[PDB]
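A short worksheet on the structure shown next.
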Amino acid sequence: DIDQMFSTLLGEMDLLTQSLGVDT
Amino acid sequence: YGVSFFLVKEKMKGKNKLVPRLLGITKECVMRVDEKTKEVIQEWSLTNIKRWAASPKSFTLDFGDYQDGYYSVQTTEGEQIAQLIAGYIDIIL
């Protein structure tokens, strides 16, 4: 089921560049 | 054609930017390899994938959305990582 996925994951990826990372 | 490898960047600790890395898609898993040693630091079933998202600069995996299933890195070749993954979930499914 495709629709926003891309943006749904890209928006999440933003959390990988923010500052945290994986919070271990 | 078997296990695939992609040099991707990941957000490590000690700084704020990403760190070049090495991914390894296995027809049974996904893993964060140490571009430095080529050894695996992390692993995750490929047949466990929920939904992924390759981009022209980065690629991403969604497995664990129950909590935090989103594992992503920076790579200018996602569709390569994703199509295969996508092609691997096509097998193991």
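Chain labels follow the order of the structure tokens: the first chain is A, the next B, and so on; residue numbering restarts at 1 in every chain, and ligands are counted from 1 in their shown order.
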
What lies within 8 Å of segment 71-86 of chain B using only C-alpha atoms, ignoring chain neighbours under 3 positions off, as a PyMOL selection string? (chain A and resi 13+16) or (chain B and resi 4+6-11+18+25+27+46+52-63+89-90)

For the residues in the current selection, export N, CA and C atoms as an mmCIF file, in the first residue's frame.
```cif
data_model
loop_
_atom_site.group_PDB
_atom_site.id
_atom_site.type_symbol
_atom_site.label_atom_id
_atom_site.label_comp_id
_atom_site.auth_asym_id
_atom_site.auth_seq_id
_atom_site.Cartn_x
_atom_site.Cartn_y
_atom_site.Cartn_z
ATOM 1 N N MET A 13 13.216 10.272 8.994
ATOM 2 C CA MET A 13 14.656 10.382 8.811
ATOM 3 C C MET A 13 15.158 11.691 9.407
ATOM 4 N N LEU A 16 17.074 11.563 12.346
ATOM 5 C CA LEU A 16 18.423 10.998 12.300
ATOM 6 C C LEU A 16 19.449 12.112 12.086
ATOM 7 N N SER B 4 23.861 -8.260 -0.379
ATOM 8 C CA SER B 4 24.218 -6.993 -1.009
ATOM 9 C C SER B 4 24.876 -6.070 0.004
ATOM 10 N N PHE B 6 26.003 -1.857 0.876
ATOM 11 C CA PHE B 6 25.883 -0.457 0.496
ATOM 12 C C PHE B 6 26.513 0.437 1.544
ATOM 13 N N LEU B 7 27.384 1.317 1.097
ATOM 14 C CA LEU B 7 28.027 2.244 1.995
ATOM 15 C C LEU B 7 27.095 3.394 2.278
ATOM 16 N N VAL B 8 26.599 3.354 3.473
ATOM 17 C CA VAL B 8 25.632 4.322 3.932
ATOM 18 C C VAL B 8 26.185 5.093 5.126
ATOM 19 N N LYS B 9 25.620 6.264 5.429
ATOM 20 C CA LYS B 9 26.085 7.038 6.567
ATOM 21 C C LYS B 9 25.090 6.914 7.703
ATOM 22 N N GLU B 10 25.606 6.898 8.913
ATOM 23 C CA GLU B 10 24.765 6.751 10.089
ATOM 24 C C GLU B 10 25.117 7.736 11.183
ATOM 25 N N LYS B 11 24.113 8.047 11.972
ATOM 26 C CA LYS B 11 24.266 8.977 13.078
ATOM 27 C C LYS B 11 24.867 8.290 14.293
ATOM 28 N N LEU B 18 26.599 12.444 10.485
ATOM 29 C CA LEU B 18 26.557 11.024 10.209
ATOM 30 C C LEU B 18 27.949 10.497 9.990
ATOM 31 N N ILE B 25 22.544 -6.109 3.003
ATOM 32 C CA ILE B 25 21.243 -6.717 2.852
ATOM 33 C C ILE B 25 21.434 -8.191 2.589
ATOM 34 N N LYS B 27 19.389 -11.906 2.177
ATOM 35 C CA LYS B 27 18.089 -12.490 1.862
ATOM 36 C C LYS B 27 17.423 -13.066 3.111
ATOM 37 N N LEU B 46 15.174 -9.473 7.242
ATOM 38 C CA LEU B 46 14.665 -8.817 6.077
ATOM 39 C C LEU B 46 13.199 -9.187 5.993
ATOM 40 N N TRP B 52 9.801 0.186 3.810
ATOM 41 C CA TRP B 52 11.050 0.914 3.721
ATOM 42 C C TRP B 52 10.891 2.122 2.817
ATOM 43 N N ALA B 53 11.936 2.933 2.692
ATOM 44 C CA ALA B 53 11.812 4.122 1.864
ATOM 45 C C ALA B 53 13.156 4.630 1.387
ATOM 46 N N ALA B 54 13.484 4.264 0.168
ATOM 47 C CA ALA B 54 14.721 4.680 -0.444
ATOM 48 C C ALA B 54 14.602 6.097 -0.990
ATOM 49 N N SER B 55 15.696 6.847 -0.927
ATOM 50 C CA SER B 55 15.696 8.214 -1.426
ATOM 51 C C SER B 55 16.949 8.453 -2.273
ATOM 52 N N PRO B 56 17.066 9.597 -2.904
ATOM 53 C CA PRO B 56 18.243 9.910 -3.760
ATOM 54 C C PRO B 56 19.463 10.292 -2.937
ATOM 55 N N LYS B 57 19.253 10.446 -1.640
ATOM 56 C CA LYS B 57 20.323 10.828 -0.726
ATOM 57 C C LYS B 57 20.358 9.915 0.481
ATOM 58 N N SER B 58 19.242 9.267 0.748
ATOM 59 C CA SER B 58 19.163 8.386 1.897
ATOM 60 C C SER B 58 18.160 7.283 1.689
ATOM 61 N N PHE B 59 18.227 6.305 2.570
ATOM 62 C CA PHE B 59 17.321 5.182 2.500
ATOM 63 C C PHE B 59 16.868 4.834 3.895
ATOM 64 N N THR B 60 15.721 4.185 4.002
ATOM 65 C CA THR B 60 15.178 3.925 5.320
ATOM 66 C C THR B 60 14.383 2.638 5.394
ATOM 67 N N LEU B 61 14.320 2.096 6.602
ATOM 68 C CA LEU B 61 13.608 0.863 6.864
ATOM 69 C C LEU B 61 12.606 1.040 7.975
ATOM 70 N N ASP B 62 11.415 0.449 7.842
ATOM 71 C CA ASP B 62 10.455 0.531 8.920
ATOM 72 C C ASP B 62 10.144 -0.846 9.456
ATOM 73 N N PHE B 63 10.840 -1.203 10.510
ATOM 74 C CA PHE B 63 10.580 -2.479 11.179
ATOM 75 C C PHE B 63 10.588 -2.338 12.687
ATOM 76 N N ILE B 89 12.278 -9.289 0.134
ATOM 77 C CA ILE B 89 11.052 -9.575 0.882
ATOM 78 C C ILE B 89 10.076 -10.280 -0.015
ATOM 79 N N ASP B 90 10.397 -10.233 -1.277
ATOM 80 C CA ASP B 90 9.561 -10.844 -2.295
ATOM 81 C C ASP B 90 9.802 -12.331 -2.317
#
```

Applying 12 Å and only C-alpha atoms, which residues near residue 20 of chain A remain after dropping the ones on its own chain fewer than 2 positions away? List them as a list in words. residues 13, 14, 15, 16, 17, 18, 22, 23 and 24 of chain A; 10, 11, 12, 13, 14, 15, 16, 17 and 18 of chain B

Preceding selection exported with N, CA, C and O atoms as a compact mmCIF listing (two decimals), in the first residue's frame:
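Listed below is the output, selection-v5.txt:
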```txt
# COMPACT_ATOMS: atom_id res chain seq x y z
N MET A 13 13.22 10.27 8.99
CA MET A 13 14.66 10.38 8.81
C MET A 13 15.16 11.69 9.41
O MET A 13 16.28 11.77 9.90
N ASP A 14 14.33 12.72 9.37
CA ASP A 14 14.72 14.01 9.93
C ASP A 14 15.23 13.83 11.37
O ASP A 14 16.07 14.60 11.84
N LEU A 15 14.72 12.81 12.05
CA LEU A 15 15.12 12.56 13.43
C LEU A 15 16.54 11.97 13.50
O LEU A 15 17.13 11.89 14.57
N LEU A 16 17.07 11.56 12.35
CA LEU A 16 18.42 11.00 12.30
C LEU A 16 19.45 12.11 12.09
O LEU A 16 20.65 11.90 12.23
N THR A 17 18.97 13.31 11.75
CA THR A 17 19.87 14.43 11.51
C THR A 17 19.68 15.49 12.57
O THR A 17 20.51 16.40 12.71
N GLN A 18 18.59 15.39 13.31
CA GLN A 18 18.31 16.36 14.34
C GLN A 18 19.50 16.54 15.27
O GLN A 18 20.18 17.56 15.22
N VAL A 22 19.95 7.47 18.23
CA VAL A 22 19.31 6.22 18.60
C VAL A 22 19.00 6.19 20.09
O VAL A 22 18.42 5.23 20.60
N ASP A 23 19.38 7.26 20.79
CA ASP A 23 19.14 7.35 22.23
C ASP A 23 19.57 6.07 22.93
O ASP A 23 19.20 5.83 24.08
N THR A 24 20.35 5.25 22.24
CA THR A 24 20.83 4.00 22.80
C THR A 24 19.71 3.29 23.55
O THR A 24 20.00 2.39 24.31
N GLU B 10 25.61 6.90 8.91
CA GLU B 10 24.76 6.75 10.09
C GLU B 10 25.12 7.74 11.18
O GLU B 10 26.25 8.19 11.32
N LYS B 11 24.11 8.05 11.97
CA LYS B 11 24.27 8.98 13.08
C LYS B 11 24.87 8.29 14.29
O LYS B 11 24.18 7.58 15.03
N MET B 12 26.15 8.53 14.50
CA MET B 12 26.86 7.94 15.64
C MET B 12 26.93 8.92 16.79
O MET B 12 26.47 10.06 16.70
N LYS B 13 27.53 8.47 17.88
CA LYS B 13 27.70 9.30 19.05
C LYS B 13 29.11 9.87 19.09
O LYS B 13 30.06 9.28 18.58
N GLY B 14 29.22 11.04 19.68
CA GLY B 14 30.50 11.73 19.79
C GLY B 14 30.45 13.04 19.04
O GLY B 14 31.23 13.96 19.31
N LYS B 15 29.55 13.11 18.08
CA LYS B 15 29.40 14.31 17.27
C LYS B 15 27.93 14.63 17.04
O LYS B 15 27.10 14.45 17.93
N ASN B 16 27.61 15.09 15.84
CA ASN B 16 26.23 15.43 15.50
C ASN B 16 25.91 15.02 14.07
O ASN B 16 24.75 14.92 13.69
N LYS B 17 26.95 14.80 13.27
CA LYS B 17 26.76 14.42 11.88
C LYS B 17 26.71 12.90 11.73
O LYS B 17 26.78 12.17 12.71
N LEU B 18 26.60 12.44 10.49
CA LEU B 18 26.56 11.02 10.21
C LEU B 18 27.95 10.50 9.99
O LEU B 18 28.89 11.26 9.76
```

I need the residues of chain A that end up classed as helix (DSSP H, G or I) by DSSP on the backbone, written out as a list in words.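 Helix (DSSP H, G or I) members of chain A, listed: residues 5, 6, 7, 8, 9, 10, 11, 12, 13, 14, 15, 16 and 17 of chain A.
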
Check: which chain A residues lie within 6 Å of chain B using only C-alpha atoms, as a ChimeraX atom specification: /A:6,19,21

Work out how far apart atom CA of residue 43 of chain B and atom CA of residue 10 of chain A are and give it in Å to one decimal.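 A separation of 21.8 Å between them.
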